[PDB]
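Just one chain is shown here, as structure tokens, and it is the form deposited in one PDB entry.
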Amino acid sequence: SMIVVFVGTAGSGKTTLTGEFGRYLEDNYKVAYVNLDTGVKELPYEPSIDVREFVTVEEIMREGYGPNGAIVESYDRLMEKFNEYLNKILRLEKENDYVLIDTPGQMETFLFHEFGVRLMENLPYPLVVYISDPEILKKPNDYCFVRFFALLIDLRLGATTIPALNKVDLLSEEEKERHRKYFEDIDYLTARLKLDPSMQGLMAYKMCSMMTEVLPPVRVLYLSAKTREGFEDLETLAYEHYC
């Protein structure tokens, strides 16, 4: 029962949120941890599955591989244990209320390599949580970018993907609210995309402007591993997705 997958650019906090959301859930639930990151040093949780026991980036780099070569090469090698890791995960799923899956440092390793894609395809209705550093959020279209990236992850992995900001504890309340408006109120971002004479911006207005198509929900989550902000919302979204 319940498999939640944390997905995000390096630095966004996937690992931190896996550990901390896990501890949060370990008050009322059976929780298992799955590390799919080959090039990670230390984990704040204790994994039932650690792909580092099979291969690691740096170890492959001692063969003359560049960093971006040893990463890619590490996931080529993991395919040797594709079926083994899949069945292990399916087994954890029967033994726990939550399996939390921590992904490769770079999300493109997950999204573009066969390992992650095929793992996700053969898993029972996993929930993806796609987390962003609010720091990426400058111009109006950034907001549109976030929501479309989630849709794309959703397309690519064939799993419901929840868009989330992490580290919201670092935000001033000004910034806090400034993001909510754009993310909450739709007609608001849309307005700010209107007064954009430039090439891109109109391109984004005409995009997100579908509102009907897109899909009513996909309210954005505000999480923080530090204050545990948002965890109850996530917990809620996950049982709701399981329903």
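If you superpose the two forms and keep the largest set of C-alpha atoms that fall within 1.5 Å, you have the rigid core. The first residue of the sequence shown is number 1, and the count goes up from there. Shifts are known only where both forms have a C-alpha.
The same protein has a further form, the form deposited in another entry, not shown here; the description that follows concerns it.
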property	result
Position with Cα shift of 2 Å or more, rigid core superposed between this form and the one not shown, options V214, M61, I49, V55	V214
Post core alignment: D185 C-alpha displaced by 2 Å or more between this form and the one not shown	yes
Regions of at least 3 residues displaced between this form and the one not shown by 2 angstroms or more (CA, core superposed)	183-192, 209-212, 214-217
